[PDB]
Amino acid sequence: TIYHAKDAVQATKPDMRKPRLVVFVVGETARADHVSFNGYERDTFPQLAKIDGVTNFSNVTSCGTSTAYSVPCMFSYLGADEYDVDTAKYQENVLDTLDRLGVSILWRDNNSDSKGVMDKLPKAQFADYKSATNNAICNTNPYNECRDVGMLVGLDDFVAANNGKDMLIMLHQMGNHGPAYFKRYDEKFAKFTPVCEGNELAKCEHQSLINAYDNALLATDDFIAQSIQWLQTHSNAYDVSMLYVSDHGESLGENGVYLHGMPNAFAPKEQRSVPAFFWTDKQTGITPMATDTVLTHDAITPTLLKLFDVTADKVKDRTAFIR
């Protein structure tokens, strides 16, 4: 392990102020420009729009264009300019630091896995929610595909067993993962029709592809709202906050390009322009940065440290999502 924050200290402890409870949704394949709040022509986030205290960040660039590359960078101390995907797994990352400091770290995954982020931590702190041995919400669709909202079930049991501690829960979404966007949402989210249902994107009518993509955003809108609603049920005992950032965007036929993973050197902007939301309870004292702050995945690690009142030299001056 190569360390970067051995100096990290927590200024205030959960035995002398309210314990802090944060959900970080790690999104999947969502594009900034298909978000209602960023000026998209469709209301793709109706439920989040009903919730007070949500900040939408209109200028966020992902570290990369793929799950393997972006997800470790999101939790890195190095920043996009110095990040090396090939050695990322051996670097101390922001979750190693918080866990060392006594924050209870939980990773639930309905996507793939943590791409090495949870590897130095006890396996008991990672849970696979792609399988029904954990996820109670899979038989709601003709594919029996397990749903992101299933990662919320039983979180009260996790809180109860971590009584009075700081807690950071990562929820790694299936989200808008392609090519089969149509599979990614239940029927209640099939607002935009007709929809593409083949693995040959490009052979699909372009509008029908967009329609399946947008329906999957409505399922994500629903999941993020439910996440905040779950947090609100603990807001008296805990200072609760919710951070959402997508790992990367998606090409939807622009210049003949589909899916993602284009190398950064020639990747279209659609693959790196991602949405980000921050919600917090009024009690927490946490203040969002300006909506239009130029932001990147580099802001995640300082944001997670500030949420728990932790300082570390390597990111002392680094712009975050919050003050």
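All residue numbers refer to positions in the sequence shown, first residue = 1.
Annotation for 260 to 268 versus 62 to 70: the higher mean temperature factor (C-alpha) is found in 260 to 268. If you average the C-alpha B-factors over 129 to 137 and over 100 to 108, the higher value belongs to 129 to 137. For the set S235, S227, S76, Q173, the PDB entry assigns the largest Cα B-factor to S235.
Sorting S241, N93, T193, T220 by the CA temperature factor given in the entry leaves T193 at the top. When all modelled residues of the chain are sorted by CA temperature factor, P122 is found within the highest third.
Among the modelled residues of its chain, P302 has a C-alpha B-factor that falls in the lowest third according to the deposited record. Sort the modelled residues of the chain by CA B factor and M289 lands in the middle third.
Ranked within its chain, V245 lands in the lowest third, by CA B factor from the PDB record. Per the PDB record, residue ranking by Cα B-factor puts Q283 in the highest third of the chain.
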